[PDB]
């Protein structure tokens, strides 16, 4: 009678090893509160963690917003809580450019430039920038010299080294890379920033044990900002109780894109 939990976390940092090193402590804390043993993985892409949850491989997953919406539609995955960054359950999508890129008439002056978006399960990296371009009648695949599937770490590296012109990122991710000395911010600039988006979703499978679900929610949402920050990467400092309707803006964007 030894309780065991399978954990997964999305690409919070540029590599899976950095993500696990910095964020495992919150999962270890959660398991210890329950007297559970555990295992943990961090897939390379935002799509991959959504798929792992949908296919029955994960008990408690830290999914991105679009990854949660997709898994809920396909398998009935439930959101229990939303992560806080700087005390708020929100964040912004970015399009970043080379520092010397002419942008005074953006994006009408950008035809044929090299643009890299992320995997199709990535909210800020793919869904939101695609929705932006469609809202102004631009098809990125024909308008730009276009690539899809890159990680946020790859986008920022390639911009800094002059291999692409433009790439997607999220504000909380870019901040962490600057803070860790992984980006020289003098070599890039923010070209576009979205409106506020709901943050990542702490998620469980459909019909996960009801008693355990309630306990998990209480353990995470009762944490002080100081204690939460001591267990996670810089800026991540708590959890708030959440439900499906908190993700409406993401569901709406997905539906409009088809």
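Residue numbers count along the first chain shown, from 1.
Mean CA temperature factor is higher for 211-219 when stretches 197-205 and 211-219 are set side by side in the entry.
Here the stretch with the larger average CA B-factor, out of 175-183 and 97-105, is 97-105. Within the group 25, 238, 11, 235, the record's highest C-alpha temperature factor is found at 238. The residue among 128, 141, 166, 170 whose C-alpha atom has the highest B-factor in the PDB entry is 141. For residue 15, the recorded CA temperature factor ranks within the middle third of the chain's modelled residues. When all modelled residues of the chain are sorted by CA temperature factor, residue 59 is found within the middle third.
Sort the chain's modelled residues by C-alpha temperature factor and residue 76 lands in the highest third, per the entry.
For residue 117, the recorded CA B-factor ranks within the lowest third of the chain. Only modelled residues enter the ranking.
Annotation for residue 89: CA B-factor lies in the lowest third of the chain's modelled residues.
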